[PDB]
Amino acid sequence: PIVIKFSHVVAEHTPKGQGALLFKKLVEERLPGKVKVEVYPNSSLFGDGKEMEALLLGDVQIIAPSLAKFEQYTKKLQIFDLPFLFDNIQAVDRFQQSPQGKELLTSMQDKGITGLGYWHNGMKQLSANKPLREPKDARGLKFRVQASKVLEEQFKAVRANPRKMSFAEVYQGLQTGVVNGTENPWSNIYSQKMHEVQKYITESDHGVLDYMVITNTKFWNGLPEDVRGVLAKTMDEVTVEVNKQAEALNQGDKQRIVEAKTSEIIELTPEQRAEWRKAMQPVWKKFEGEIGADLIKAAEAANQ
């Protein structure tokens, strides 16, 4: 049978972990003995920085990186890293589903990459070992970020020192003080045990953590036409399921963090969140040229 390896960096009980397993389940039911899907979670096959290489060499067939990890391949997806760009999940989704959003699935056509869909995880929450209530609280702290120039600028704006690190390394980075804070949707905090090394988590909802499911074009377009049709439809069905349950999964993990009795969750007043927005939101200007001013204008159109 055709072997499709699906490699990723997250735990199994997460939006993407559940999505990859559902794709396996449905594909193997629908194309019995014709296609096998092998899922490799937790960087067990390929980790951050090295999965793109694997995809293009043909060592893996599907990956689903954070939208924040494509700056070396396209400058357009950086739009999803802009702090406080999207007001809510619906806006992010409306942008992703718009004609412009869909065209971004082909933004790496020249690198032999096909975009299969957007998978929603959730908005990011700040964490540290000190209460982060207002921007000045972040001053002098070292924050782990995904490998994104936008996210680096986000923290530089609040006089913090960002450090790019691969996802598998964050827990150890926090425990050893290499970094003392970070940002993550709830499910990535709980599943990587980061609450055990982060005393305070602020419900800031200050940016998006979503994925683009991608494949190798040469591989995908080389599949039998009948097989690809079923795979594409199945992936679309998985995308719907992932997206409908991501918020609920993250809420479950928020509650699991509360029940773990390791951390305190800080809620922000509208005014407090407004302070963070004023401090960080201006970073957009530094990337307008690369992203496209009109693209950013379309993103704002999604907020309504």
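All residue numbers refer to positions in the sequence shown, first residue = 1.
Peer 1: Should the higher mean CA B-factor in the entry be assigned to 4-12 or to 295-303?
Peer 2: Per the PDB record, 295-303.
Peer 1: Read off the CA B-factors in the entry, average them over 51-59 and over 260-268, and name the higher stretch.
Peer 2: Mean B over CA atoms: larger for 260-268.
Peer 1: Of the choices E152, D81, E169, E134, which one's C-alpha carries the largest B-factor in the record?
Peer 2: The listed residue with the largest C-alpha B-factor is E134.
Peer 1: Take the CA temperature factors straight from the PDB entry and tell me which of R228, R94, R163, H195 peaks.
Peer 2: That would be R94.
Peer 1: In terms of the CA temperature factor given in the entry, to which third of its chain does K124 belong: lowest, middle or highest?
Peer 2: Ranked within chain, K124 CA B lands in the lowest tercile.
Peer 1: In terms of the chain's CA B-factor thirds, is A274 lowest, middle or highest?
Peer 2: As the PDB entry reports it, the C-alpha B-factor of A274 lands in the highest third of its chain.
Peer 1: Lowest, middle or highest third: which one holds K34 when the chain's residues are ordered by CA B-factor from the entry?
Peer 2: Highest third - that is where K34 ends up once the chain's C-alpha B-factors are sorted.
Peer 1: Looking at the temperature factor on the CA atom of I201, which third of the chain's modelled residues does it land in?
Peer 2: Middle third by C-alpha B-factor.
Peer 1: Could you place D87 in the lowest, middle or highest third of its chain by Cα temperature factor, using the values in the record?
Peer 2: Highest third.
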